[PDB]
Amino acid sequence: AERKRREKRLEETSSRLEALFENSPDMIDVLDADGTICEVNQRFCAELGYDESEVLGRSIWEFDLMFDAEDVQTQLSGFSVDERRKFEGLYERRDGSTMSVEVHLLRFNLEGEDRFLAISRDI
C-alpha cells in the first residue's frame, strides 16, 4: 500500500508537470554546452513543423538561421551560471518558412549538469 501510494502520487505530480511543459504557449528547449538539444516541448516542435525525433539530439544552429555553430559556441560560452539574456533568432520550419523569435536564454544547473534553458516567443 505504501509502495502503490508513492507510485500513484509520483505519477500524478509528474503528469501535471509534463502538461505544464508540453503545453506552454511558448517554445522551450534545453541545450548542453555543445549546443546539442537535450529536451524540447511539444510547442517548439509544433511551431516549427518537426517531430521531436527530428529535433532531440540535433544542434541548435541547424534550426536558427541567425547562428552558425561557431556563433552558438560563442553565445553559450560567455554565460555565467544563472545568467539570463534575451536576443533575436530566426527559426527555419520544416517547410522552409521562417519564424522571427525573441529567445530568453538561461545558463543553469540541471540534474547536476551544465545546461541552458531557452524560451522562444514569436515576435
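Position 1 is the first residue in the sequence shown; the rest follow in order.
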*Higher average CA B factor in the deposited record is what I'm after, so tell me if that's 47-55 or 24-32.*
47-55
*asked:* Highest mean C-alpha temperature factor of the two stretches 102-110 and 10-18, which is it?
replied: 10-18
*asked:* Based on the deposited C-alpha B factors for this chain, I'd like to know if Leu65 is in the lowest, middle or highest third.
replied: highest
*Of the three thirds of its chain by CA temperature factor, lowest, middle or highest, which one includes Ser97?*
highest
*Check where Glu88 lands among this chain's C-alpha B-factors and tell me if it's the lowest, middle or highest third.*
middle
